[PDB]
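*Asks:* Following this: a sequence and the matching experimental structure.
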There are 2 protein chains.
Amino acid sequence: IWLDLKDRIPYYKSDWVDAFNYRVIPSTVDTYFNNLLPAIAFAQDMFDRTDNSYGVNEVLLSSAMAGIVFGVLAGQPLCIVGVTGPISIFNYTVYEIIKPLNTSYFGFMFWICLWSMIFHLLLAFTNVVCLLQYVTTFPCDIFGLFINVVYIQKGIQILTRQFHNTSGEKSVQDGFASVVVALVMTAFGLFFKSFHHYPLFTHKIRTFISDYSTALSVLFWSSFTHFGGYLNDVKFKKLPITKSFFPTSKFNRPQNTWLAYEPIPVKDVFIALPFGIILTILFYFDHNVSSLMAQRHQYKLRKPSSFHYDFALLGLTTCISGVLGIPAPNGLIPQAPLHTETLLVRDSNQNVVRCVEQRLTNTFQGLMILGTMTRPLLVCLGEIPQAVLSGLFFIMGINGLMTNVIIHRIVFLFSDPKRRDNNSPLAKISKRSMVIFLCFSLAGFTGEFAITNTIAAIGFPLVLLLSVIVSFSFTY
Amino acid sequence: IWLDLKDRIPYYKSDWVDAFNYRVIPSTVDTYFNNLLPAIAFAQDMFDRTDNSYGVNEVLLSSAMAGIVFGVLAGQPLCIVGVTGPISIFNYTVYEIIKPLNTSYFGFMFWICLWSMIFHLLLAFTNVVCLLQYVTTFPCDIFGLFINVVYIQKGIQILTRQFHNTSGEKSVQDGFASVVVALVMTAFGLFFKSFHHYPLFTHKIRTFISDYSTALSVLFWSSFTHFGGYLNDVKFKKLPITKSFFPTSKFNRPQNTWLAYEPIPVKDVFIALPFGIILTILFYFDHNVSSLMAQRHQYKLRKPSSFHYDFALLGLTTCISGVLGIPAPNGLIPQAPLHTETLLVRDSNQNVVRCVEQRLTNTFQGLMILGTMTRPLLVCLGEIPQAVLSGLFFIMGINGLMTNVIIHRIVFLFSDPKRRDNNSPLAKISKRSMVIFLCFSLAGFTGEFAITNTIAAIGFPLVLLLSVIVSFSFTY
């Protein structure tokens, strides 16, 4: 483990070298907000969700420091942690189960984190890490599909929610307008993205333009709201959130600790004990899975970088997330990846060529005042209308349906054998066999919506794991 | 003249059979729709404009008898003739201008038509028609562009129009939803098209489908609109009405095709004349341009039909339409290729089967009773939103950016050489200069565009004619 550090740590130094180009800069930029909004997005629900329970802030922060700290020891700089709708789900639980068993929220928060963690230490030594291995074609892409799906459904909800409080008949007076916006926005974005995946235009030109898609967009629409509309001329949405903080404490101190334990009733002392765990594993996983897809060798990577480390580190950090009291930062699922597409040559034509690896964007991404300070920043953030982001869910959303290769693999079915692209033979050759495969994939695909119902969807990976690993069984 | 006859009559004979085929089936249907909207489109403005005068029916009939009658003598019948905002515009002139000049709109009308004919007879023999011909690549595409432009604008305008009757300035009172749908549709439509220019499933698969965009859609969406939406529960907005025949001069009165006001000064009779001239020309023009473009020796045909007669004939018809007190079918445009797209075969193939051709669609277009008498059309008329059509304005619109080769030739800036190549050299090669050409061209679009804003705006094709002709140089 230690060893591991030793390998990587020089590279830390290198991140600096790594810094010097254009791409660094967007990379840093687009994402911040990019997270944040989604982040927001769960948040929004989350907070409400907890019948309201001092929520957002936690995140805002959660993410911000987490980005920084995560920077400081450093794990994968090519991966970045923050939040999820699913951590949120845990949280829904977390308050929820606690409420009838009203208790030391504080004890709990702490608690959960701690137990997992301890274990985590140990775990860090464990070659759970095997699990990872498993990759070549089955888990991951799929994995990403789970994610996607949830993302989108939520996105919708968010809109729809946004429609709902207000009315539902003629004038109009509603979310419909809104509805439009988010969408409208969506179309364009897609375009913005598009030469890059399926080309058409001038290399650089395309590059300059396509890369800040996210920023651009948020802005792009947003400015209609900033400088009025042929629409945005009535009640519209943006952000609720506080002008301060709350004590992230239940003690008297100025400045505080790491390891600990506090003074009160017993039962309650024990039984936080599950809940973290399940969380933990999840994280682990998450982190892992994600990492894998990114890390991958289509994504040609074993180029000077960290398989484990980031895990050990992570758990602690997560643990820590529990410690001040603040949300679980989670692996920034596509997001990191997409960066990774960023941090590469494809300019070229579309061609993967040299990695681009570094701490710095990510560190910045973690760190930066933006993903930090927000209270005067509020003006932008507040200026962010809720709708834009809803739209964002969408732009964000189509993306990465751009990588369910399975789909792709599917896709080939529709189109011509006098069409072909790349590794179409993988399938082409096991043509029939392909079809079946999809099903497998599909199995999860139903399986999870349905699952969510019997216990939150969140459980799936486990199952997924359970699944995926066995799936050698096709393969034949 | 005889000669003219001399082709067509032999050919005439064939036609029914020629008509009898399976692409046909698709063809026949879309076209109706294809009419209906513009028919609408103009209608709405116009009618209102004439604070009621040529109602739905006026068009409906106009078209309906026209499709068939025009169908019967036909000098092409591949083609489609119907109404335009510009006729209307003339009509508008006539409405206002007539009002303090007091002879009944209708009474006045009687002379107008006459002139057209006569002059037209003379014309039928003429080769002012000669002029067009000269055209080899430049105008026409532009010509159609003129149409496009308005078309789109209008669409929007309608949209907004819809917003407009009930109060508001730019805030806005809309079916936001209206906006949504139409658009939404539009995006889709685009999809509905897309494999056909630019593939992604099977020849055949497309071949039943992509083509059937219009109809499919119109219908397809409209019922959602009638029942359904992501939710929907708002006042939705459909389409205007009469159970009988409509009024003609400012009226309450219907005078379903009548002419009983024959007894006032000569004088009154006299001044219809301008309106005819320009009109005729216009029509002529319409015919021409469209026809050429359509006829396209490039899109493979100098094969057997006749303009000279038809033109007369048509014109006459229009002249007659006036007894009826009905608007005039003129050559419809965007549809016009598109039929040809029906009657395309490069994409359940890749080249051609020079089409066979059909009376039927066109005839049908006249004929189908709905698209003819209202009283059963009623349902249809009642059922669809203006908005759907607006969406239609749009899908229909995007199309037909598309043989503005020049546009393509624009594209060429954006597109990259190491990708550029199909027939690109006709353009490609005098690359830089190309632009210029185009610049002009667009410039004309513009010049005119700007001009259009000045009324009688209509003069533009002539101008088009000018432009293009003088451009004899350009090319060099």
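*Replies:* That came through fine. Numbers count the residues shown, from 1 in each chain, chains lettered A, B, ... in the order given.

*Asks:* Could you use CA atoms for every contact and neighbour count after this?
*Replies:* Will do.

*Asks:* nearest residue to residue A:325 other than its sequence neighbours?
*Replies:* Nearest residue to residue A:325, sequence neighbours excluded (Cα to Cα, 6 or more residues apart in numbering or on different chains): residue A:248, at 6.0 Å.

*Asks:* my bad, should have said residue A:215
*Replies:* residue A:30 (5.6 Å).

*Asks:* For that neighbour, give its distance to residue A:217.
*Replies:* 10 Å (Cα to Cα, to the nearest Å).

*Asks:* what's the spacing between the residue nearest to residue A:325 and chain B?
*Replies:* Per Cα to the nearest Cα, to the nearest Å, residue A:248 is found 42 Å from chain B.

*Asks:* quick one: secondary structure of that residue?
*Replies:* coil (DSSP: H, G, I helix; E, B strand; the rest coil).

*Asks:* Just to check, residue A:43 is in contact with residue A:56?
*Replies:* Yes: with contact defined as Cα atoms under 8 Å, residue A:43 reaches residue A:56; the gap is 5.8 Å.

*Asks:* tell me which parts of the stretch 351-476 of chain A are close to chain B?
*Replies:* A:413-416 (Cα under 8 Å from any Cα of the partner chain).

*Asks:* and what of chain A?
*Replies:* So chain A meets chain B at A:168-172, A:174, A:176-177, A:179-180, A:200-202, A:229-234, A:413-416 (Cα under 8 Å from any Cα).

*Asks:* do you know how far the residue nearest to residue A:325 is from residue A:11?
*Replies:* 35 Å.

*Asks:* in the stretch 151-300 of chain A, which spans are helices?
*Replies:* Assigned by DSSP state H, counting those that start in this stretch, the helices in the stretch 151-300 of chain A fall at A:175-197, A:203-211, A:213-226, A:267-270, A:273-295.

*Asks:* what's the closest of the ones you listed to residue A:460?
*Replies:* helix A:273-295 (9.6 Å; Cα to Cα).

*Asks:* Go through that closest one and flag the buried ones.
*Replies:* Buried positions in helix A:273-295, judged by neighbour count with 16 or more other Cα atoms under 10 Å in any protein chain shown: A:273, A:275-277, A:279-295.

*Asks:* Who are the packing partners of whatever helix or strand comes next after that helix?
*Replies:* Under the assignment DSSP states H and E, the closest C-terminal helix or strand after helix A:273-295 is helix A:309-324. Applying 3 or more Cα pairs under 8 Å, 6 or more residues apart in numbering or on different chains; DSSP states H and E, one finds that helix A:309-324 makes contact with helix A:56-73, helix A:105-125, helix A:273-295.

*Asks:* circling back to that earlier point, hang on, isn't the residue nearest to residue A:215 packed against residue A:212?
*Replies:* Yes: the criterion here is Cα under 8 Å, and residue A:30 meets it with residue A:212 at 5.9 Å.

*Asks:* what about stretch A:260-274, start to end distance?
*Replies:* 19 Å.

*Asks:* Measure how far it is from the centre of its chain, please.
*Replies:* 31 Å (Cα atoms, centre = their mean, to the nearest Å).

*Asks:* neighbouring contacts of that stretch?
*Replies:* A:103-104, A:107-108, A:111-112, A:115 (Cα atoms under 8 Å, 6 or more residues apart in numbering or on different chains).

*Asks:* Touching, residue A:305 and residue A:8? I think so.
*Replies:* Yes: counting by Cα under 8 Å, residue A:305 touches residue A:8, with 6.4 Å between them.

*Asks:* Who has more neighbours out of these two?
*Replies:* Per other Cα atoms under 10 Å in any protein chain shown, whichever of residue A:305 and residue A:8 has more neighbours is residue A:305, with 21 against 18.

*Asks:* show me what contacts residue A:371?
*Replies:* Residue A:371 neighbours (Cα under 8 Å, 6+ apart): A:32, A:60-61, A:63-64, A:67, A:365.

*Asks:* swap in residue A:26?
*Replies:* Counted by Cα under 8 Å, 6+ apart, residue A:26 has contacts A:211-212.

*Asks:* can you tell me how far it sits from residue A:178?
*Replies:* Distance from residue A:26 to residue A:178, by Cα to Cα: 28 Å.

*Asks:* Repeat that for residue A:405.
*Replies:* 33 Å.

*Asks:* more crowded one of these two?
*Replies:* residue A:178 (27 against 15).

*Asks:* I'd like to know how many residues surround the closest residue in space to the more buried one that isn't next to it in sequence.
*Replies:* Distance criterion Cα to Cα, 6+ apart; nearest residue to residue A:178, sequence neighbours excluded, is residue A:387 at 6.2 Å. Residue A:387: 28 surrounding residues under other Cα under 10 Å.

*Asks:* just residue A:453 next, same as before
*Replies:* 9.

*Asks:* can you check the one 10 residues further on too?
*Replies:* Per other Cα under 10 Å, the neighbour tally for residue A:463 reads 13.

*Asks:* Ok, residue A:55 next?
*Replies:* 20.

*Asks:* Now do the same contact list for it.
*Replies:* A:43, A:46-47.

*Asks:* want to throw the helices and strands packed on helix A:309-324 into CSV with distance to residue B:93?
*Replies:* Formatted as CSV, the helices and strands packed on helix A:309-324 follow (distance: least, Cα to Cα, whole Å):
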stretch, distance to residue B:93
helix A:56-73, 63
helix A:105-125, 78
helix A:273-295, 67
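
*Asks:* which one of those lies closest to residue B:161?
*Replies:* Nearest to residue B:161, of those and by Cα to Cα, is helix A:56-73 at 42.9 Å.
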